[PDB]
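Observations on the three-dimensional arrangement
Here are the chains, one letter per residue:
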Amino acid sequence: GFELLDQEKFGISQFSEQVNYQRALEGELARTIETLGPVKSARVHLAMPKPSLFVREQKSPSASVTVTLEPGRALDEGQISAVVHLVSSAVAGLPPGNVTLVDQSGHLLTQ
Amino acid sequence: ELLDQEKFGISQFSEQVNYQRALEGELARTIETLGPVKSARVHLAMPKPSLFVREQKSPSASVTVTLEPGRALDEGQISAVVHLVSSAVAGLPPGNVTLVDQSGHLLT
Amino acid sequence: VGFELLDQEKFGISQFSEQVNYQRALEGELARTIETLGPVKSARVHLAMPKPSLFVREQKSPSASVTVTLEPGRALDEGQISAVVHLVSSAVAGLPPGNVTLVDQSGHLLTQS
Amino acid sequence: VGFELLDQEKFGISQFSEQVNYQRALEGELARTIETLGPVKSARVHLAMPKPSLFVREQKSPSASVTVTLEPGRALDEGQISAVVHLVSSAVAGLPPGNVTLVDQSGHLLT
Amino acid sequence: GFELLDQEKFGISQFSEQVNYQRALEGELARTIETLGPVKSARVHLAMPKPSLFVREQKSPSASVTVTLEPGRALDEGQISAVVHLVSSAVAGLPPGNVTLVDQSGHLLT
Amino acid sequence: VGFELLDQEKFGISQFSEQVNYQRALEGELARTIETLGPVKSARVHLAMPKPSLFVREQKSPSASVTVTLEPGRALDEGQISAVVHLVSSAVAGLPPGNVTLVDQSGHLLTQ
Amino acid sequence: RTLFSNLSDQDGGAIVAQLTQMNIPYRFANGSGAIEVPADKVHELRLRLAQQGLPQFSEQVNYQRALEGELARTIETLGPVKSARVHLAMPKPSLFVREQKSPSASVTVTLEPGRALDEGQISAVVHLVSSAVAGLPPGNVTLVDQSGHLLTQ
Amino acid sequence: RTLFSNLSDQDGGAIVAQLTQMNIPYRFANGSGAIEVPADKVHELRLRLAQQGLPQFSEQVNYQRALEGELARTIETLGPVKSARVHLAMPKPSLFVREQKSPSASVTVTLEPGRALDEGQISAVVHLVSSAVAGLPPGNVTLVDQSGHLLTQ
Amino acid sequence: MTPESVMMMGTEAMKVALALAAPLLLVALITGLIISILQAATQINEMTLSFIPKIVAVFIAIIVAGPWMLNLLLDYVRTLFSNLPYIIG
Amino acid sequence: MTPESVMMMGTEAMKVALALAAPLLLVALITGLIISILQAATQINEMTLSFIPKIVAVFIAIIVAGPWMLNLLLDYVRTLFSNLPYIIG
Amino acid sequence: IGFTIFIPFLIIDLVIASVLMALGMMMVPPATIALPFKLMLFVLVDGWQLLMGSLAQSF
Amino acid sequence: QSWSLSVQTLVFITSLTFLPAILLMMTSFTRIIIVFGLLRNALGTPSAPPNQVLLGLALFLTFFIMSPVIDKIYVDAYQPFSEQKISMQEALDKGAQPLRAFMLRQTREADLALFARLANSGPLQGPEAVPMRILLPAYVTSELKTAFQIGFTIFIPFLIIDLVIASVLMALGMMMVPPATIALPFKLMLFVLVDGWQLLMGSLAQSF
Amino acid sequence: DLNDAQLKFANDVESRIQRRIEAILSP
Amino acid sequence: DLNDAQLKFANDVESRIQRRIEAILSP
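Thresholds, definitions, all that
- Position numbers follow the written sequence of each chain, starting from 1, instead of the entry's numbering, which may differ; residues with no coordinates are not represented.
- Chains and ligands are labelled sequentially in the order written, the chains with letters from A and the ligands with numbers from 1.
- Part of a larger assembly is shown, with all reported values restricted to the visible chains.
- By convention in this description, side-chain values take in all heavy atoms of the structure and omit both hydrogens and water.
- Put simply, DSSP marks the helices as runs of H or I at least four residues long and the strands as runs of E at least two long, and each gets a number from the N terminus on.
- A helix is expected to span 1.5 Å multiplied by its residue count minus one.
- Any pair of residues with heavy atoms lying within 4.5 Å of one another is described as a contacting pair.
- Any two strands are treated as partners once DSSP identifies two or more bridges connecting them.
- To obtain each axis, a line is fitted to C-alpha atoms, and for helices this fit is confined to the stretch in contact; angles are then taken between N-to-C directions over 0 to 180 degrees.
- A 1.4 Å probe that fits but cannot get out identifies a cavity on a 1 Å grid over protein atoms alone, an open set with protein on both sides within 12 Å along at least five of seven lines counts as a pocket, and a residue lines either if it has an atom within 4 Å of a point.
- Grid points are joined across faces, edges and corners, and a volume is the space filled by probe spheres set on the points.

This entry, as listed in the PDB, derives from cryo-EM and reports a resolution of 3.4 Å.

As named in the PDB entry, chain K is Flagellar biosynthetic protein FliP.

In the annotation of the PDB entry, chain C is listed under the name Flagellar M-ring protein.

Below, the structure written as C-alpha cells:
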C-alpha cells in the first residue's frame, strides 16, 4: 500500500526509499487488477533495473503478473490487453512485451 | 491533503513520490464525479531522465473506471477523459493515456 | 521473510547488507507466488545476481534456480513451466529466461537442458 | 541456519566478516534445498568464491563442491545429477557449471 | 571452524582474522571428508601462498589431507578423486595437483 | 603449542609475536598428524620460515626438520617417508620438499 | 455416492467449501479421504468442481477401462455433449531404463447438433481427465469432436 | 541366522536402525559383534543393506571358496539373477617386499531371459563383495554378465 | 539560482550536520552534567574531573554509532553529486 | 575500499590511542581525585594545590612506562605502512 | 557548481570543530584533524568519478 | 609506408615535447608526488623537505618502478627500430602495448566504464581493444583515487599522536597550551624511529 | 603420473576390444 | 579424463547401432 511509505522512519537510506516505492507500486497495481470483475486476487512483481554506467544502450524493466480468477471467469483477449496496458504504463519505460500475465493454473495469458 | 500531514521534511524523492500520489488522487476524484463513473483509479508513470544523452521521454497514464451498473461511456467521453488526464500531467501526449473499464475492455 | 524481513532494520546496515536483504526478499516473494500455483506445494528460488563488467568476452548474466515440490502426482504442464519461467525472468532486472532452471522434488529438470 | 546466522545482532564486524557470513548463509540454503530433494537425506555445499578486485586484473571463476548422502539405495538420476548442477551454478554469481563437483557418501563422483 | 569464528572476541588484527578463516575452512573440510563412509577421521592442512615483494608472480596454494579409514575400508580410485575435487574447490585457486591425500599408515593415495 | 595457543593471547601482541605464535601452532599440528600415523609414537617438527629481506637478493626457500619416534620395531615404509615429506612441504607456503629432513629416534636420516 | 476419494486435506477442504457454498449436502467418509454426495449430483458436481480447478492387465485394463468409462460418463453430463469416449494411454512401467515416459489421454466428444463446447467447458474436461490420472499433465490431454476438430489448444 | 558378524559399533548401530525401520526382528549376538536374524531373510536383508551402503591354503582356499560361495548365494537372491559366480583373487602375502598388492573380485552373473540389472542392483553387488573382503576397494570389483558384458563402469 | 534553491539546500545540509553531530554532543553534555552534579553533591573542588569521562564517552559513542553516521553522510553526498547537474537548471 | 574497512582501521587506530593515553590519564585522574577528596574532607579551599602532584604522577608514569607506550605505537605504525599496498582497491 | 561542491567539506569541518570544542579540546586546529576525513569522504563516495559524471551530465 | 626521415625526426621532436605529460599521466609519478605532498602536510612541516628534493625522489622512484616497462619497450619495440628492422609506426604501435598493459593493471573498472559510456564507444570485447583516449583519463582518475587513499591512511598515526598529546595536556588543566608545538617534535621522532622514509617508499613501490 | 593415466587408458581400450571379440566368438 | 568421456561416447554409439540391428533382425 502507499501507506507503507507514509509510516516510515528517518534513518532509512535511498536504497530503502526506492525498494519501498517499488513495493507500493506493486501493491496498488495488484489492487486495481483485482478490482477487475473476473479477477479475485492479483500479484505483481516488478524488476526495475538499477542505474546504467557499466552498460551501453542501457536496458528496460520487466513485470510478472499472476491473477486468480473467479470460478470459471476466463479473461477475454481484450481484458488481457488492458491488463498489459495498465501494468506497462505504471512503470516508467516498461515495454508491454516485457509484461507476463499468468493465471492460477500456470497458463500464460500473454506471450 | 495527504501532502499537508504535518510531516517533517523527508527527501526531494519523497516529496516527488507524494506529489505524484496527490495528482493521481485528484484526477481519479474528478473522473468519478462524472455521471456514468462510480469509481476511478489513475496510475501515472513520470519518465526518468537518462545519463549522458539528451532524451526527454514522454510520461504515461493508465486509467481504470468502474461504470454505473450497466451504463457505458460515450466516444466523446472516451475523449474528454483522455483530454483531462493528458492536461493534468506536464507533457503527457494523449496517445500515452490508456482507459480501461471494470471488465478489462480498452475504451481508448 | 521477504518484504517482512526488511522491517526491523538496525541503523548499522552496509549497502552490501541492504542488497543481500533485497535479494533474500525477492527470492521469498517469488517462491511464495510459485507455491500459490495450484500443482505446487512448496517452492524454493535461488538468485545469482552479479554486479556488472564492461568487457563482453568477460560478461556472464543473472541466473536463477527454482525447485518446486508438487502435490501428489500434480505434474506441471508445458505451459505452466513456461509461465514459471516468465515470472522468474521478469522479477529479476535483465534475467534472460534461458538462465532460469526449474527442477522438481525428484531432481527432474522441467526447463531446458 | 545460514540466513538466521547473518542476522545475529553483531557490531564488531568487518566487510570481510560480512562477506564470509554471506558465503556461509548461501552454502546453508543450497544444502537445504538439495536435501529437500527426494533421494537426498543430507547435503553439504562448499563454495570457493575468489576475492574480487575493482581493477582490470584477471577475472577467473568460482568453484563448488557438493557432497550428498542418499537414502538407503536411492541412486540419483542423470537428471538428478544435472538439476543439482543447474541449481548450484545459478546460486553463485558467474559459476560455470563445469566447476561444480557432485559426490556421494561413498566418494563416487556423480560428475 | 565457525565456532572459533563467532567467539564474541573483539577485533584483534587482519592477520588474526586470516588465521581464523584458514582454521575454520580446514575444520569444515575435514568434517565433510570424515562424513564420507570409509573415513573415520580427517585432518586437513592448508598452505595459502604468501604474496611476495616487488613481483607480480602468482603462487598456487597447497593442501595436505590425512585420512583415517574404518578397519579395512580402502578408498576407491573414485574416492581418491572426489576428495581431491572437494579440497581443490574449497580453496580459491587450488590446483588439484597440489592436493596430497595420505592414509593412517603413511600411504600416499594421490 | 596447538591452535589453542593463539586463542589465548594478551592485548599487547607485536606482529613479530603473532608470526612466531603462528609458526609454533603450525609445528604443533604437523607433529600431531605425523604421530597419528600408525608406526609413529611421537613427532617433533621444526620450521625455519625465513622473514622477507630486501637487504638480500633471494629469500632462501623455507626449510623443515622432522624427528619421529617409532613404535618398537615399526620401521617407516619408503612410501611412508614420502607421504611425510608431501604433508610437511604442503603445510608450509613455498616449502620445496627437498628442504624437508626426516630423522628417526636413533639419528638415521629417513629422507635424502 | 462418492464424489472424490483419496483427496489431500487441502483439496478436501476446498471441495467442502465449494459444496457448502452451493448448498449441497455432503458426507466426508471417515478417514477414507472420500466425500460421498447425493448420487444424482455426483457427475454434475465433478464437472462443476473441475471448472473451478478442483481437485492385472486385465485389472489395469479393467481399471483403465473403468476409469475411462467413468470419465466418459462424467463428461456426458455436459449439456452440449451427446456422447463421450475417453482413451487413457499410460505406457506399461517404462521398460527402457534411460528414456522417460508420461501418461496421455484422448477424449472424443459427439456434440448435439448445433451445439459447441465453450472454453470453460473445454478446460473443465481437460482438468477432470488430468486430475483423474496420476502424472497426466493437462497438456497431454487431447480433446477432439466427432469431426476430428481439435478443441484443446 | 547371522546377518553380519564382526561389525563396528557404528555399522552395527546403522544396521539395527535399518532393521527396526523395516520391522524385521533381530538379535545382536552378545559381545559377538554379530546380528542373528530370521534365517529366511538373511540374504535378502544383506542385499537390501548393501543397497543402503551398509556395512591353510586349503583353509584359505576353503575360506575363500566358502566366501565366494556365500557371496554368490546372496547375489542370487536378486530377482533378475538366475545364477552368480564370485572369484576372489587376493595375492598370497606379497612376497615382493617393495611392490604393493590389493585384493580384487570378479563377479559373473547369469540373468533371467529378458531381465537386466539396474544401476542400484549393480551398486549393491559391488558393495556387498567389497565389504566382505578386507582391503577390497569397490573399484577392484568387476561385474560381468553371461555374455561377458561389463556391468560395472 | 534563487535564494530558496539555496536556502532549502543549506537547510538540508545543516540538518545532515545536526544529525551527524547530535549523538556525540548529547553524550558529551550528559556525561559532563552527571560528573558535575556528582562533584557538587560531594562538594569536591576540581575543574579537570569531567574531561576523562567526556573523552571515554565520546570514544565509545563513536565506536557504537560510526557506521550509521558514516553511511548517512555518504548517502547524502552521493545524492548531492547525482543531483548536481540539475541544480544549475 | 568499503566503508566497513575504514571503520575497522579506525577501530584499531583509536584502540591504540586509548592504550597509549590510559596509562597517563588514569594516573592523572586518580591523583587529582585523591587530592580533591582530601581537600574536601579537610576544607582546605584551594583548587590549584591539586595541580602540582599530578605533573609528578604523570612524569612518574612516563619514567615507569615510557618504553612501553613508545614500543607498542611503533608495532602499529610499522604494520600500517606495511599494509599500505594491500588496502587499495 | 563550485559553491555547492563546497558544502560537504564545510559540514565535516563544522562537525569536527563543534565536537572538538564541546568535548573541551579547544586549542587543537580543527582543519588539521579534518583534512584526513575530507580525503576519506572523497574516496569513499568515489568523488572523482561522480564529479566527472555530474560535470558531463551538466550539459 | 615507412615515414621519410624528415617526417620521422619531426615526429620524434614533437613527441619529445610531450614528455612531462607522459610522465605525469602515464607513469607512476603522479601518485608518488601526491603521497609525498600529503605526507609533508601530515608532519606539520609544510616546507621542511624542499620541493626539488621530493621531485627528484619521485622521479627516481618512478624510473625504478617503470624499469620493467621500459625494458619491454626497448626489447620489443625500440631495438628493432634502431636496427632498421621495423618502421616507426609499427614500432610505436608495439611500444604502446606494454605501457597499455601496465596502465590497465592499475586502473579501476568503474572509471573505464564511465569514460567508455561517456565517449559513446561500442561494446569492447576484453581488455585487448581499448583505445588510449579512453584508457588515459580512466588511469589518471584511478591514480588520483589511489593516491588519496594512501594519503588518508598515512594521516592516521600522526592524528593518534596529536589526539593523545592534546588529551594529556588537557587532563592536566593546561587549557591555553597549544598541542602543535609539543606534537611536532614527537611526530618527527615517530617518523624517524619507524624508518619512515624508506618504509614509505618501499610501500609505494610494492603497491605498483 | 600422466604415464600411469595413459597406461590405464591403453588397458581399458585393450580390454574392451577383447570383450567385443569374445562377445561374437562366444555363441 | 577426456579420453574416458570419448570412450564412453564410442561405447554408447556402438551399443545403439547394435540395438538397431538387433531390432530388425529379431522379428
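A closer look at helix α3 (residues 57–76) of chain G
For α3 of chain G, which comprises 20 residues, the first-to-last C-alpha distance of 27 Å matches the rise-based estimate of 28 Å (1.5 Å per residue) to within 8%. Lining the buried residues of α3 of chain G we find α2 (42–51), β4 (81–88), β5 (105–111) and α4 (119–132) of chain G.

Topic: the sheet that holds strand β2 (residues 27–29) of chain H
The pairing of strands in a sheet happens through backbone hydrogen bonds and is either parallel or antiparallel. Residues and elements named next belong to chain H. Read across the sheet, three strands follow the order β1-β3-β2 without closing on themselves; strand pairing throughout is antiparallel. One side of each edge strand has no neighbouring strand; the edge strands of this open sheet are β1 (2–5) and β2. Across this sheet, the average inter-strand angle for adjacent strands is 20°, counted without regard to direction. Bridge count between β2 and strand β3 (residues 34–36): three bridges; the pairing is antiparallel.

Regarding the side chain of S207 of chain L
Position of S207 of chain L relative to the elements: it lies in the segment after α9 (196–206). Not counting residues within four places of it along the chain, the set of residues in contact with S207 of chain L comprises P85 and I88 of chain J together with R31, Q106 and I150 of chain L.

What about empty space enclosed by the protein?
Counted as a void, the largest cavity has a volume near 170 Å³. Forming the boundary of the largest cavity are 14 residues, of which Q23 and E27 of chain D together with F2, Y21 and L25 of chain E lie nearest the centre. When contributions to the lining of the largest cavity are tallied by element, the ones reaching two or more residues are α2 (15–35) and β1 (40–48) of chain D together with α1 (2–5) and α2 (14–34) of chain E. Taken together, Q22, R23, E26, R43, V44, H45 and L46 of chain A together with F3, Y22, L26 and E29 of chain C make up the lining of the second largest cavity.

Looking at the sheet that holds strand β2 (residues 27–29) of chain G
All names here are of chain G. The antiparallel open sheet is built from three strands, whose spatial order is β1-β3-β2. A single partner strand is all that each edge strand has here, and the edge strands are β1 (2–5) and β2. Across the sheet, the mean angle from the axis of one strand to that of its neighbour is 20°, orientation sign disregarded. Helix α1 (residues 9–21) contacts β1, β2 and β3 (34–36) of the sheet and is inclined by roughly 20° relative to β3.

As for the arrangement of the chains
There are 36 pairs of chains in contact here, and the one with the most contacts is chains C and D. Here chain G and chain I are not in contact; the least distance found between their C-alpha atoms is 47 Å. At their nearest point, the C-alpha atoms of chain F and chain L are still 9 Å apart, with no contact between the two.

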